[PDB]
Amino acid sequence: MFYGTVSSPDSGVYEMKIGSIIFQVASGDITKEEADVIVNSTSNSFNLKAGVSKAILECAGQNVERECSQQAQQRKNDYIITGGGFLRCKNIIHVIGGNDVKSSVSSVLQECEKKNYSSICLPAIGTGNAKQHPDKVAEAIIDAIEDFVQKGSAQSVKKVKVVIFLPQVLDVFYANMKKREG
C-alpha cells in the first residue's frame, strides 16, 4: 500500500519511497550530516559519551551538554529536545537507546511535524551501548515510518535518512528495504 522501489541515487546511498517520504540509508559519520533534526541515541540520564553519543556530544559542544543535564533534572523524560550547537541542524532530539525503537521514531516524526521540519537524520538507534539486535532495529524504524504515513500524518516531513556507523549494519537495513519493496 505504501512502498516504492529500492535504488541507489548516489554512491553508498540506497533509497525508497514510503508514501510521500523518501527513506534513505548510508554508512558514515552522522556528525558530518545536515538536516533539520539529528537524532542522538543515549542513556536514560542523557549524558552517555560512548560510540555515536560521544561523537554527537563532542561535536555539538558544551552548551548542548548543559541543556541535556538541565532538562534531565527537571522531570522524567522519555526523550529531550535541545539546540543543535555546532552540528548542522536546527535541533537535536536525544532518544534513549534501550527504549522501544518504534515508539522513539514515532515521537521524532511527531515533533518534526510540530516544527514544520522537512528532513531528519538518525543513527541505527539502540545498536550501540544498548545492544539491541540490528534487524529488530531496522524493522522498528521502517515500521514507525509506515504507520506515520498510514495515519496521514506526513505533511511537512519529506526525507528520513539513517546514517549508520558500521557497514555490516547498513547491509541489514538494505535487506529489510528489499523485503518491503513494491
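So that there is no doubt, residue numbering starts at 1 and follows the sequence shown.
- For the segment pair 158-166 and 6-14, the entry gives 6-14 the higher mean B-factor, averaged over Cα atoms.
- In this entry, 67-75 shows the higher mean Cα temperature factor of the pair 82-90 and 67-75.
- Of all the options 35, 60, 140, 39, the entry's greatest CA B-factor is assigned to 60.
- Among all modelled residues in its chain, residue 26 ranks in the middle third by Cα B-factor.
- In the deposited entry, the Cα temperature factor of residue 51 places it in the highest third of its chain's modelled residues.
- Annotation for residue 126: C-alpha temperature factor in the middle third relative to the rest of the modelled chain, per the entry.
- When the modelled residues of the chain are ordered by their C-alpha B factor, residue 116 lands in the lowest third.
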